[PDB]
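Peer 1: This is my_file37.txt, which holds compact mmCIF, N, CA and C atoms:
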```
# COMPACT_ATOMS: atom_id res chain seq x y z
N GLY I 1 2.71 -23.33 28.11
CA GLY I 1 3.76 -22.34 28.13
C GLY I 1 4.89 -22.75 29.07
N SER I 2 6.04 -22.11 28.90
CA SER I 2 7.19 -22.40 29.72
C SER I 2 6.91 -22.01 31.18
N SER I 3 7.80 -22.45 32.06
CA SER I 3 7.66 -22.16 33.47
C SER I 3 9.01 -22.31 34.18
N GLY I 4 9.51 -21.19 34.68
CA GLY I 4 10.79 -21.19 35.38
C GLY I 4 10.78 -20.19 36.53
N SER I 5 11.92 -20.09 37.20
CA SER I 5 12.06 -19.18 38.32
C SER I 5 13.51 -19.17 38.81
N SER I 6 13.89 -18.04 39.38
CA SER I 6 15.25 -17.88 39.90
C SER I 6 16.25 -17.96 38.75
N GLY I 7 17.48 -17.57 39.05
CA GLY I 7 18.54 -17.59 38.06
C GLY I 7 19.18 -16.21 37.90
N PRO I 8 20.26 -15.98 38.69
CA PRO I 8 20.96 -14.71 38.65
C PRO I 8 21.82 -14.60 37.39
N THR I 9 21.48 -13.61 36.57
CA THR I 9 22.21 -13.39 35.33
C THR I 9 21.70 -12.13 34.63
N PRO I 10 22.65 -11.19 34.37
CA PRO I 10 22.31 -9.94 33.71
C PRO I 10 22.06 -10.16 32.22
N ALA I 11 21.02 -10.92 31.93
CA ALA I 11 20.67 -11.22 30.55
C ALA I 11 19.33 -10.54 30.22
N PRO I 12 19.27 -9.96 29.00
CA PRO I 12 18.07 -9.28 28.55
C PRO I 12 16.99 -10.29 28.15
N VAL I 13 15.93 -9.77 27.55
CA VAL I 13 14.83 -10.61 27.11
C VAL I 13 14.14 -9.96 25.91
N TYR I 14 13.93 -10.77 24.88
CA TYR I 14 13.28 -10.29 23.67
C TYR I 14 11.96 -11.03 23.43
N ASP I 15 11.46 -10.88 22.21
CA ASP I 15 10.20 -11.51 21.84
C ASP I 15 9.58 -10.76 20.66
N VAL I 16 10.38 -10.61 19.61
CA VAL I 16 9.92 -9.91 18.42
C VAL I 16 9.30 -8.57 18.83
N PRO I 17 9.18 -7.66 17.82
CA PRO I 17 8.61 -6.35 18.06
C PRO I 17 7.09 -6.43 18.21
N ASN I 18 6.61 -5.96 19.35
CA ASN I 18 5.19 -5.98 19.63
C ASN I 18 4.43 -5.46 18.41
N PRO I 19 3.11 -5.79 18.36
CA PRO I 19 2.27 -5.36 17.25
C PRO I 19 1.93 -3.87 17.37
N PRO I 20 1.69 -3.25 16.19
CA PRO I 20 1.35 -1.83 16.15
C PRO I 20 -0.09 -1.60 16.60
N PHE I 21 -0.43 -0.33 16.76
CA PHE I 21 -1.77 0.04 17.18
C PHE I 21 -2.18 1.40 16.60
N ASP I 22 -3.40 1.79 16.92
CA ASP I 22 -3.92 3.06 16.44
C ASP I 22 -3.94 3.06 14.91
N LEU I 23 -3.85 1.86 14.35
CA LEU I 23 -3.85 1.70 12.91
C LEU I 23 -4.89 2.65 12.30
N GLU I 24 -4.47 3.34 11.26
CA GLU I 24 -5.35 4.28 10.58
C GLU I 24 -5.12 4.22 9.07
N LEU I 25 -6.01 4.89 8.34
CA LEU I 25 -5.91 4.92 6.89
C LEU I 25 -6.15 6.35 6.40
N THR I 26 -5.07 6.97 5.95
CA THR I 26 -5.15 8.33 5.45
C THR I 26 -4.24 8.51 4.23
N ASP I 27 -4.76 9.21 3.24
CA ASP I 27 -4.00 9.46 2.02
C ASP I 27 -4.39 10.83 1.46
N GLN I 28 -3.88 11.10 0.26
CA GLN I 28 -4.16 12.37 -0.39
C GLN I 28 -3.36 12.48 -1.69
N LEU I 29 -3.31 11.37 -2.41
CA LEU I 29 -2.58 11.33 -3.67
C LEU I 29 -3.58 11.19 -4.82
N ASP I 30 -4.10 9.98 -4.97
CA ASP I 30 -5.07 9.71 -6.02
C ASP I 30 -5.33 8.20 -6.09
N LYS I 31 -4.33 7.48 -6.57
CA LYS I 31 -4.44 6.03 -6.69
C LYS I 31 -3.36 5.37 -5.83
N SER I 32 -3.37 5.71 -4.55
CA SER I 32 -2.39 5.16 -3.62
C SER I 32 -2.66 5.69 -2.21
N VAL I 33 -3.21 4.82 -1.38
CA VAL I 33 -3.52 5.18 -0.01
C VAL I 33 -2.34 4.83 0.89
N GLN I 34 -2.14 5.65 1.90
CA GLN I 34 -1.05 5.43 2.84
C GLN I 34 -1.58 4.83 4.14
N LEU I 35 -0.87 3.81 4.62
CA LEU I 35 -1.25 3.14 5.85
C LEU I 35 -0.32 3.57 6.97
N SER I 36 -0.88 4.30 7.93
CA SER I 36 -0.11 4.78 9.06
C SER I 36 -0.27 3.82 10.25
N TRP I 37 0.86 3.31 10.71
CA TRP I 37 0.85 2.39 11.83
C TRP I 37 1.84 2.91 12.88
N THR I 38 1.71 2.38 14.09
CA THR I 38 2.58 2.79 15.18
C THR I 38 3.20 1.56 15.85
N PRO I 39 4.54 1.41 15.66
CA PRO I 39 5.26 0.29 16.24
C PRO I 39 5.45 0.49 17.75
N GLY I 40 4.78 -0.35 18.51
CA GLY I 40 4.87 -0.29 19.96
C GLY I 40 6.28 -0.65 20.44
N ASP I 41 6.32 -1.42 21.51
CA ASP I 41 7.59 -1.84 22.08
C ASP I 41 8.34 -2.70 21.06
N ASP I 42 9.66 -2.72 21.20
CA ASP I 42 10.50 -3.49 20.30
C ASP I 42 11.03 -4.72 21.04
N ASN I 43 10.93 -4.67 22.36
CA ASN I 43 11.40 -5.77 23.18
C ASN I 43 12.90 -5.97 22.96
N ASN I 44 13.67 -4.99 23.41
CA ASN I 44 15.11 -5.05 23.26
C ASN I 44 15.48 -4.96 21.78
N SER I 45 15.01 -5.95 21.03
CA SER I 45 15.27 -6.00 19.60
C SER I 45 14.46 -4.93 18.88
N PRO I 46 15.19 -3.98 18.24
CA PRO I 46 14.54 -2.90 17.52
C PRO I 46 13.97 -3.39 16.19
N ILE I 47 12.97 -2.67 15.70
CA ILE I 47 12.33 -3.03 14.45
C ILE I 47 13.31 -2.80 13.30
N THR I 48 13.23 -3.68 12.31
CA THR I 48 14.10 -3.59 11.15
C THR I 48 13.27 -3.49 9.87
N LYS I 49 12.15 -4.18 9.88
CA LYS I 49 11.26 -4.18 8.73
C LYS I 49 9.81 -4.24 9.21
N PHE I 50 8.91 -3.84 8.32
CA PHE I 50 7.49 -3.84 8.64
C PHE I 50 6.67 -4.42 7.48
N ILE I 51 6.21 -5.65 7.68
CA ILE I 51 5.42 -6.32 6.67
C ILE I 51 3.94 -6.00 6.89
N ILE I 52 3.18 -6.09 5.81
CA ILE I 52 1.75 -5.81 5.87
C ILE I 52 0.99 -6.93 5.16
N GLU I 53 -0.29 -7.02 5.48
CA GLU I 53 -1.15 -8.04 4.88
C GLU I 53 -2.61 -7.59 4.91
N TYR I 54 -3.40 -8.20 4.05
CA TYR I 54 -4.81 -7.88 3.97
C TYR I 54 -5.64 -9.12 3.62
N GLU I 55 -6.92 -9.05 3.96
CA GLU I 55 -7.83 -10.15 3.69
C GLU I 55 -9.02 -9.68 2.86
N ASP I 56 -9.26 -10.40 1.77
CA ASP I 56 -10.36 -10.06 0.88
C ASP I 56 -11.68 -10.44 1.55
N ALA I 57 -12.27 -9.47 2.23
CA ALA I 57 -13.53 -9.68 2.91
C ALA I 57 -14.66 -9.75 1.88
N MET I 58 -14.42 -9.10 0.75
CA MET I 58 -15.41 -9.08 -0.32
C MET I 58 -15.40 -10.40 -1.10
N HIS I 59 -14.41 -11.22 -0.80
CA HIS I 59 -14.29 -12.51 -1.46
C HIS I 59 -14.17 -13.62 -0.41
N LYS I 60 -13.04 -13.60 0.29
CA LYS I 60 -12.79 -14.59 1.32
C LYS I 60 -12.23 -13.90 2.56
N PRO I 61 -13.14 -13.61 3.53
CA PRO I 61 -12.74 -12.95 4.76
C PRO I 61 -12.02 -13.92 5.69
N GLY I 62 -10.75 -13.64 5.92
CA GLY I 62 -9.94 -14.48 6.79
C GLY I 62 -8.70 -14.99 6.05
N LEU I 63 -8.60 -14.61 4.78
CA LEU I 63 -7.47 -15.03 3.96
C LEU I 63 -6.50 -13.86 3.81
N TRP I 64 -5.49 -13.85 4.67
CA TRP I 64 -4.49 -12.80 4.65
C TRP I 64 -3.42 -13.19 3.62
N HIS I 65 -3.03 -12.21 2.82
CA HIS I 65 -2.02 -12.44 1.80
C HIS I 65 -0.87 -11.44 1.98
N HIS I 66 0.18 -11.66 1.21
CA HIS I 66 1.35 -10.79 1.28
C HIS I 66 1.06 -9.49 0.51
N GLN I 67 1.06 -8.39 1.25
CA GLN I 67 0.81 -7.09 0.66
C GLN I 67 2.12 -6.41 0.29
N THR I 68 2.78 -5.87 1.31
CA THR I 68 4.05 -5.19 1.10
C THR I 68 4.73 -4.91 2.44
N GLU I 69 6.03 -4.67 2.37
CA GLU I 69 6.80 -4.40 3.57
C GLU I 69 7.65 -3.13 3.38
N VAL I 70 8.26 -2.70 4.47
CA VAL I 70 9.09 -1.51 4.43
C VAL I 70 10.21 -1.64 5.47
N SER I 71 10.99 -0.58 5.59
CA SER I 71 12.10 -0.57 6.54
C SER I 71 11.56 -0.41 7.96
N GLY I 72 12.46 -0.60 8.92
CA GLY I 72 12.09 -0.48 10.32
C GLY I 72 12.28 0.95 10.82
N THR I 73 12.27 1.88 9.87
CA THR I 73 12.44 3.28 10.20
C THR I 73 11.17 4.07 9.85
N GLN I 74 10.56 3.68 8.74
CA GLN I 74 9.34 4.34 8.29
C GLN I 74 8.13 3.74 9.00
N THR I 75 7.01 4.44 8.87
CA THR I 75 5.77 3.99 9.49
C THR I 75 4.58 4.28 8.58
N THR I 76 4.90 4.58 7.32
CA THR I 76 3.86 4.88 6.35
C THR I 76 4.19 4.21 5.01
N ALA I 77 3.27 3.36 4.57
CA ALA I 77 3.45 2.66 3.31
C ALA I 77 2.19 2.82 2.46
N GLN I 78 2.40 2.88 1.15
CA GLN I 78 1.29 3.04 0.22
C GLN I 78 0.66 1.68 -0.08
N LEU I 79 -0.66 1.67 -0.11
CA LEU I 79 -1.40 0.45 -0.38
C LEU I 79 -2.16 0.61 -1.70
N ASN I 80 -2.11 -0.45 -2.50
CA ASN I 80 -2.79 -0.44 -3.79
C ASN I 80 -4.18 -1.05 -3.63
N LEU I 81 -5.19 -0.20 -3.75
CA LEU I 81 -6.56 -0.64 -3.63
C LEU I 81 -7.24 -0.60 -5.00
N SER I 82 -8.32 -1.35 -5.11
CA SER I 82 -9.07 -1.41 -6.36
C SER I 82 -10.55 -1.16 -6.10
N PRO I 83 -11.29 -0.88 -7.21
CA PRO I 83 -12.72 -0.62 -7.11
C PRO I 83 -13.50 -1.92 -6.86
N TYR I 84 -14.50 -1.81 -6.01
CA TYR I 84 -15.33 -2.96 -5.68
C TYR I 84 -14.50 -4.05 -4.99
N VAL I 85 -13.80 -3.64 -3.94
CA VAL I 85 -12.98 -4.57 -3.18
C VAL I 85 -12.96 -4.15 -1.71
N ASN I 86 -13.23 -5.11 -0.85
CA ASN I 86 -13.25 -4.86 0.58
C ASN I 86 -12.24 -5.77 1.27
N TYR I 87 -11.61 -5.23 2.30
CA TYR I 87 -10.62 -5.98 3.06
C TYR I 87 -10.01 -5.13 4.16
N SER I 88 -9.23 -5.78 5.02
CA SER I 88 -8.58 -5.10 6.12
C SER I 88 -7.08 -4.98 5.85
N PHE I 89 -6.39 -4.38 6.81
CA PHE I 89 -4.95 -4.20 6.69
C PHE I 89 -4.25 -4.47 8.02
N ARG I 90 -3.33 -5.42 7.99
CA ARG I 90 -2.59 -5.78 9.19
C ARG I 90 -1.10 -5.50 8.99
N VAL I 91 -0.53 -4.82 9.97
CA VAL I 91 0.89 -4.47 9.92
C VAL I 91 1.67 -5.42 10.83
N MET I 92 2.87 -5.76 10.38
CA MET I 92 3.73 -6.66 11.14
C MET I 92 5.12 -6.05 11.33
N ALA I 93 5.75 -6.44 12.43
CA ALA I 93 7.08 -5.94 12.75
C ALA I 93 8.06 -7.11 12.79
N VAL I 94 9.20 -6.92 12.15
CA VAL I 94 10.22 -7.94 12.11
C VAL I 94 11.56 -7.34 12.53
N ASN I 95 12.23 -8.03 13.44
CA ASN I 95 13.52 -7.57 13.94
C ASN I 95 14.51 -8.74 13.93
N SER I 96 15.63 -8.53 14.60
CA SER I 96 16.66 -9.55 14.67
C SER I 96 16.06 -10.86 15.18
N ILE I 97 15.13 -10.73 16.12
CA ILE I 97 14.47 -11.89 16.69
C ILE I 97 13.67 -12.61 15.59
N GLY I 98 12.52 -12.04 15.27
CA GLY I 98 11.66 -12.61 14.25
C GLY I 98 10.51 -11.66 13.92
N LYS I 99 9.47 -12.23 13.32
CA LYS I 99 8.30 -11.45 12.94
C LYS I 99 7.22 -11.63 14.01
N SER I 100 6.70 -10.50 14.47
CA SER I 100 5.66 -10.51 15.48
C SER I 100 4.30 -10.78 14.84
N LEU I 101 3.28 -10.82 15.68
CA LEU I 101 1.93 -11.07 15.21
C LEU I 101 1.44 -9.85 14.42
N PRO I 102 0.38 -10.09 13.60
CA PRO I 102 -0.20 -9.02 12.79
C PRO I 102 -1.03 -8.07 13.65
N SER I 103 -0.98 -6.80 13.28
CA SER I 103 -1.72 -5.78 14.01
C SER I 103 -3.17 -6.22 14.19
N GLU I 104 -3.78 -5.71 15.26
CA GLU I 104 -5.16 -6.05 15.56
C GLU I 104 -5.97 -6.20 14.27
N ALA I 105 -6.32 -5.06 13.69
CA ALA I 105 -7.09 -5.05 12.46
C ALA I 105 -7.74 -3.67 12.27
N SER I 106 -7.16 -2.90 11.37
CA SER I 106 -7.67 -1.57 11.09
C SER I 106 -9.11 -1.65 10.59
N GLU I 107 -9.71 -0.48 10.41
CA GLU I 107 -11.08 -0.41 9.94
C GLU I 107 -11.22 -1.10 8.59
N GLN I 108 -12.47 -1.31 8.19
CA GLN I 108 -12.75 -1.96 6.92
C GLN I 108 -12.84 -0.92 5.80
N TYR I 109 -11.73 -0.76 5.09
CA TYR I 109 -11.68 0.19 4.00
C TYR I 109 -12.32 -0.38 2.74
N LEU I 110 -13.39 0.27 2.30
CA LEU I 110 -14.10 -0.16 1.11
C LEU I 110 -14.00 0.92 0.04
N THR I 111 -13.42 0.54 -1.09
CA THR I 111 -13.26 1.46 -2.20
C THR I 111 -14.63 1.90 -2.74
N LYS I 112 -14.58 2.78 -3.73
CA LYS I 112 -15.81 3.28 -4.33
C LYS I 112 -16.39 2.21 -5.25
N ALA I 113 -17.72 2.14 -5.25
CA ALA I 113 -18.41 1.16 -6.07
C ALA I 113 -19.68 1.80 -6.64
N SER I 114 -20.54 0.94 -7.18
CA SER I 114 -21.80 1.40 -7.75
C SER I 114 -22.86 1.52 -6.66
N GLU I 115 -22.46 2.11 -5.55
CA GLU I 115 -23.37 2.29 -4.43
C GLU I 115 -22.63 2.90 -3.24
N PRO I 116 -23.32 3.85 -2.55
CA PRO I 116 -22.74 4.51 -1.40
C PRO I 116 -22.73 3.59 -0.18
N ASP I 117 -22.53 4.19 0.98
CA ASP I 117 -22.50 3.44 2.22
C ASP I 117 -21.19 2.65 2.30
N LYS I 118 -20.52 2.78 3.44
CA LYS I 118 -19.26 2.09 3.65
C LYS I 118 -19.38 0.65 3.15
N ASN I 119 -19.77 -0.22 4.07
CA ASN I 119 -19.93 -1.63 3.74
C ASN I 119 -21.35 -1.87 3.22
N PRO I 120 -21.44 -2.67 2.13
CA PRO I 120 -22.72 -2.99 1.53
C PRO I 120 -23.49 -4.01 2.38
N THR I 121 -22.74 -4.93 2.96
CA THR I 121 -23.33 -5.96 3.80
C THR I 121 -22.94 -5.75 5.26
N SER I 122 -23.84 -5.12 6.00
CA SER I 122 -23.61 -4.85 7.40
C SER I 122 -24.05 -6.04 8.25
N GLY I 123 -23.47 -6.13 9.44
CA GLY I 123 -23.80 -7.22 10.35
C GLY I 123 -23.21 -6.96 11.74
N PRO I 124 -23.83 -7.62 12.75
CA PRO I 124 -23.38 -7.48 14.13
C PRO I 124 -22.09 -8.25 14.37
N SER I 125 -20.99 -7.66 13.92
CA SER I 125 -19.69 -8.28 14.08
C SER I 125 -19.07 -7.87 15.42
N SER I 126 -18.61 -8.88 16.15
CA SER I 126 -17.99 -8.63 17.45
C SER I 126 -19.01 -7.99 18.39
N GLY I 127 -19.77 -8.83 19.07
CA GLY I 127 -20.77 -8.36 20.00
C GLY I 127 -20.82 -9.24 21.25
```
Would you write out, as structure tokens, the structure that this file holds?

Peer 2:
Amino acid sequence: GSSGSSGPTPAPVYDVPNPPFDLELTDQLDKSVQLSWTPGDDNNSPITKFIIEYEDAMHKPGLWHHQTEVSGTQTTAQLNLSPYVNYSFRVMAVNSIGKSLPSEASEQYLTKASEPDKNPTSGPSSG
């Protein structure tokens, strides 16, 4: 990482819009779930857009793809889910600076299948 010190100058400092938190999943339509995220600090540079991504845990866990984005004003976007599909949802913030890192990682939303129980394959993840 960089390393400096001293330097009198009334200059600001940015670093893309920090990642969101408290990520949650709530809906009430039918075939369209809404992803509620909370954009933390903007770091001088205000949010302009919010990209999202997900990873097919039911297929290839760790493969994030392009889901959808929105304006830097809203904080709720609809996600298209399918039956027998597991994956996470990561929100991203993009401003004049650039695109920040993806949100931590919301809960594992598993659609309805031919069997109850959230995740079919449980395991000691993160211990």

Peer 1: When distances are computed from all atoms listed in the file, which of I:63, I:112, I:45, I:90 shows the smallest separation from residue 14 (chain I)?

Peer 2: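 Checking each of I:63, I:112, I:45, I:90 against residue 14 (chain I), counting all atoms listed in the file, the winner is I:45.
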
Peer 1: Excluding same-chain residues fewer than 5 positions from region 82-85 of chain I, what lies within 9 Å of it counting only C-alpha atoms, as a tab-separated table (two decimals) with N, CA and C atoms, in the frame of the given file?

Peer 2:
```
chain	number	residue	atom	x	y	z
I	31	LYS	N	-4.33	7.48	-6.57
I	31	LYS	CA	-4.44	6.03	-6.69
I	31	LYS	C	-3.36	5.37	-5.83
I	56	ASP	N	-9.26	-10.40	1.77
I	56	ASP	CA	-10.36	-10.06	0.88
I	56	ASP	C	-11.68	-10.44	1.55
I	57	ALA	N	-12.27	-9.47	2.23
I	57	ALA	CA	-13.53	-9.68	2.91
I	57	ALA	C	-14.66	-9.75	1.88
I	58	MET	N	-14.42	-9.10	0.75
I	58	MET	CA	-15.41	-9.08	-0.32
I	58	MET	C	-15.40	-10.40	-1.10
I	59	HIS	N	-14.41	-11.22	-0.80
I	59	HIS	CA	-14.29	-12.51	-1.46
I	59	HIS	C	-14.17	-13.62	-0.41
I	109	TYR	N	-11.73	-0.76	5.09
I	109	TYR	CA	-11.68	0.19	4.00
I	109	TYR	C	-12.32	-0.38	2.74
I	110	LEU	N	-13.39	0.27	2.30
I	110	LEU	CA	-14.10	-0.16	1.11
I	110	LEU	C	-14.00	0.92	0.04
I	111	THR	N	-13.42	0.54	-1.09
I	111	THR	CA	-13.26	1.46	-2.20
I	111	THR	C	-14.63	1.90	-2.74
I	112	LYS	N	-14.58	2.78	-3.73
I	112	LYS	CA	-15.81	3.28	-4.33
I	112	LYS	C	-16.39	2.21	-5.25
I	113	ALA	N	-17.72	2.14	-5.25
I	113	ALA	CA	-18.41	1.16	-6.07
I	113	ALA	C	-19.68	1.80	-6.64
I	114	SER	N	-20.54	0.94	-7.18
I	114	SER	CA	-21.80	1.40	-7.75
I	114	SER	C	-22.86	1.52	-6.66
```

Peer 1: Quick one: of I:76, I:95, I:106, I:86, who's nearest to residue 22 (chain I), counting all atoms listed in the file?

Peer 2: I:106

Peer 1: Quick one: pull the distance between atom N of residue 53 (chain I) and atom N of residue 73 (chain I), Å, one decimal.

Peer 2: 16.0 Å

Peer 1: Measure the distance from atom C of residue 67 (chain I) to atom C of residue 97 (chain I) in Å and round it to one decimal.

Peer 2: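 About the pair atom C of residue 67 (chain I) and atom C of residue 97 (chain I): they are 20.1 Å apart.
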
Peer 1: Around (2.2, -9.4, 15.0) in the file's own coordinates, what residues are found within 6 Å if you use only N, CA and C atoms, given back as a PyMOL selection string?

Peer 2: chain I and resi 18-19+91-93+99-103

Peer 1: For each of I:60, I:39, I:108, I:21, take the minimum atom-to-atom distance to residue 89 (chain I), counting all atoms listed in the file, then give the residue where this is smallest.

Peer 2: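 Closest candidate: I:108.
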
Peer 1: So that I can check the surroundings of residue 13 (chain I), please list as a ChimeraX atom specification every protein, DNA and RNA residue that reaches within 6.5 Å of it, counting all atoms listed in the file and ignoring chain neighbours fewer than 2 positions away.

Peer 2: /I:11,15,43-45

Peer 1: Could you please determine the separation between atom N of residue 80 (chain I) and atom N of residue 61 (chain I) in Å, to one decimal place?

Peer 2: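 Between atom N of residue 80 (chain I) and atom N of residue 61 (chain I) the gap is 18.2 Å.
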
Peer 1: Excluding residue 78 (chain I) and its own-chain neighbours fewer than 3 positions away, which residues fall within 6 Å of it when counting only C-alpha atoms? Please give them as a compact mmCIF listing (two decimals) with N, CA and C atoms, keeping the file's coordinate frame.

Peer 2:
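What landed in around-v8.txt:
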```
# COMPACT_ATOMS: atom_id res chain seq x y z
N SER I 32 -3.37 5.71 -4.55
CA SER I 32 -2.39 5.16 -3.62
C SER I 32 -2.66 5.69 -2.21
N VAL I 33 -3.21 4.82 -1.38
CA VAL I 33 -3.52 5.18 -0.01
C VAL I 33 -2.34 4.83 0.89
N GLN I 34 -2.14 5.65 1.90
CA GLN I 34 -1.05 5.43 2.84
C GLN I 34 -1.58 4.83 4.14
```

Peer 1: Find the residue from I:88, I:2, I:71, I:9 that sits nearest to residue 23 (chain I); use only C-alpha atoms when measuring.

Peer 2: I:88

Peer 1: Residues within 6 Å of residue 69 (chain I), please, as a PDB file with N, CA and C atoms, in the frame of the given file. Count only C-alpha atoms; anything in the same chain fewer than 6 positions from it doesn't count.

Peer 2:
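Result file part-v2.pdb:
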```
ATOM      1  N   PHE I  50       8.910  -3.840   8.320  1.00  0.00           N
ATOM      2  CA  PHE I  50       7.490  -3.840   8.640  1.00  0.00           C
ATOM      3  C   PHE I  50       6.670  -4.420   7.480  1.00  0.00           C
ATOM      4  N   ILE I  51       6.210  -5.650   7.680  1.00  0.00           N
ATOM      5  CA  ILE I  51       5.420  -6.320   6.670  1.00  0.00           C
ATOM      6  C   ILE I  51       3.940  -6.000   6.890  1.00  0.00           C
ATOM      7  N   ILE I  52       3.180  -6.090   5.810  1.00  0.00           N
ATOM      8  CA  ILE I  52       1.750  -5.810   5.870  1.00  0.00           C
ATOM      9  C   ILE I  52       0.990  -6.930   5.160  1.00  0.00           C
TER      10      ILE I  52
END
```

Peer 1: Which residue is closest to residue 42 (chain I)? Choose from I:10, I:17, I:1, I:62 and count all atoms listed in the file.

Peer 2: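 Answer, going by the shortest atom-to-atom distance: I:17.
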
Peer 1: What's around residue 24 (chain I) at 7 Å? Count only N, CA and C atoms, leave out sequence neighbours fewer than 6 positions away in its own chain, and write the answer as a list in words.

Peer 2: residues 34, 35, 36, 37, 38, 106 and 107 of chain I

Peer 1: Can you spit out the residues from that selection as a PDB file, in the coordinates of the input, using N, CA and C atoms?

Peer 2:
```pdb
ATOM      1  N   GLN I  34      -2.140   5.650   1.900  1.00  0.00           N
ATOM      2  CA  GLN I  34      -1.050   5.430   2.840  1.00  0.00           C
ATOM      3  C   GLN I  34      -1.580   4.830   4.140  1.00  0.00           C
ATOM      4  N   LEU I  35      -0.870   3.810   4.620  1.00  0.00           N
ATOM      5  CA  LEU I  35      -1.250   3.140   5.850  1.00  0.00           C
ATOM      6  C   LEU I  35      -0.320   3.570   6.970  1.00  0.00           C
ATOM      7  N   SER I  36      -0.880   4.300   7.930  1.00  0.00           N
ATOM      8  CA  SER I  36      -0.110   4.780   9.060  1.00  0.00           C
ATOM      9  C   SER I  36      -0.270   3.820  10.250  1.00  0.00           C
ATOM     10  N   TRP I  37       0.860   3.310  10.710  1.00  0.00           N
ATOM     11  CA  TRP I  37       0.850   2.390  11.830  1.00  0.00           C
ATOM     12  C   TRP I  37       1.840   2.910  12.880  1.00  0.00           C
ATOM     13  N   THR I  38       1.710   2.380  14.090  1.00  0.00           N
ATOM     14  CA  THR I  38       2.580   2.790  15.180  1.00  0.00           C
ATOM     15  C   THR I  38       3.200   1.560  15.850  1.00  0.00           C
ATOM     16  N   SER I 106      -7.160  -2.900  11.370  1.00  0.00           N
ATOM     17  CA  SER I 106      -7.670  -1.570  11.090  1.00  0.00           C
ATOM     18  C   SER I 106      -9.110  -1.650  10.590  1.00  0.00           C
ATOM     19  N   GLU I 107      -9.710  -0.480  10.410  1.00  0.00           N
ATOM     20  CA  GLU I 107     -11.080  -0.410   9.940  1.00  0.00           C
ATOM     21  C   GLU I 107     -11.220  -1.100   8.590  1.00  0.00           C
TER      22      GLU I 107
END
```

Peer 1: Based on the backbone DSSP call, show me all residues of region 54-92 of chain I assigned strand (DSSP E or B), as JSON, numbers by chain.

Peer 2: {"I": [54, 55, 56, 64, 65, 66, 67, 68, 69, 70, 71, 76, 77, 78, 79, 86, 87, 90, 91, 92]}

Peer 1: Could you write those residues out with N, CA and C atoms, as a short mmCIF file (atom, residue, chain, number, x, y, z; two decimals), in the frame of the given file?

Peer 2:
```
data_model
loop_
_atom_site.label_atom_id
_atom_site.label_comp_id
_atom_site.auth_asym_id
_atom_site.auth_seq_id
_atom_site.Cartn_x
_atom_site.Cartn_y
_atom_site.Cartn_z
N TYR I 54 -3.40 -8.20 4.05
CA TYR I 54 -4.81 -7.88 3.97
C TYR I 54 -5.64 -9.12 3.62
N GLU I 55 -6.92 -9.05 3.96
CA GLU I 55 -7.83 -10.15 3.69
C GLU I 55 -9.02 -9.68 2.86
N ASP I 56 -9.26 -10.40 1.77
CA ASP I 56 -10.36 -10.06 0.88
C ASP I 56 -11.68 -10.44 1.55
N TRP I 64 -5.49 -13.85 4.67
CA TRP I 64 -4.49 -12.80 4.65
C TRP I 64 -3.42 -13.19 3.62
N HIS I 65 -3.03 -12.21 2.82
CA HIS I 65 -2.02 -12.44 1.80
C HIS I 65 -0.87 -11.44 1.98
N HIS I 66 0.18 -11.66 1.21
CA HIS I 66 1.35 -10.79 1.28
C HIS I 66 1.06 -9.49 0.51
N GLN I 67 1.06 -8.39 1.25
CA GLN I 67 0.81 -7.09 0.66
C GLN I 67 2.12 -6.41 0.29
N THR I 68 2.78 -5.87 1.31
CA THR I 68 4.05 -5.19 1.10
C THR I 68 4.73 -4.91 2.44
N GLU I 69 6.03 -4.67 2.37
CA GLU I 69 6.80 -4.40 3.57
C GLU I 69 7.65 -3.13 3.38
N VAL I 70 8.26 -2.70 4.47
CA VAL I 70 9.09 -1.51 4.43
C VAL I 70 10.21 -1.64 5.47
N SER I 71 10.99 -0.58 5.59
CA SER I 71 12.10 -0.57 6.54
C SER I 71 11.56 -0.41 7.96
N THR I 76 4.90 4.58 7.32
CA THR I 76 3.86 4.88 6.35
C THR I 76 4.19 4.21 5.01
N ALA I 77 3.27 3.36 4.57
CA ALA I 77 3.45 2.66 3.31
C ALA I 77 2.19 2.82 2.46
N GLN I 78 2.40 2.88 1.15
CA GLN I 78 1.29 3.04 0.22
C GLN I 78 0.66 1.68 -0.08
N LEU I 79 -0.66 1.67 -0.11
CA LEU I 79 -1.40 0.45 -0.38
C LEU I 79 -2.16 0.61 -1.70
N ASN I 86 -13.23 -5.11 -0.85
CA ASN I 86 -13.25 -4.86 0.58
C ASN I 86 -12.24 -5.77 1.27
N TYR I 87 -11.61 -5.23 2.30
CA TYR I 87 -10.62 -5.98 3.06
C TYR I 87 -10.01 -5.13 4.16
N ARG I 90 -3.33 -5.42 7.99
CA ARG I 90 -2.59 -5.78 9.19
C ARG I 90 -1.10 -5.50 8.99
N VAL I 91 -0.53 -4.82 9.97
CA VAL I 91 0.89 -4.47 9.92
C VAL I 91 1.67 -5.42 10.83
N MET I 92 2.87 -5.76 10.38
CA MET I 92 3.73 -6.66 11.14
C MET I 92 5.12 -6.05 11.33
#
```

Peer 1: Pick the closest to residue 26 (chain I) from I:68, I:5, I:116, I:79: which is it, counting only C-alpha atoms?

Peer 2: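 Looking only at the distances to residue 26 (chain I), the closest residue turns out to be I:79.
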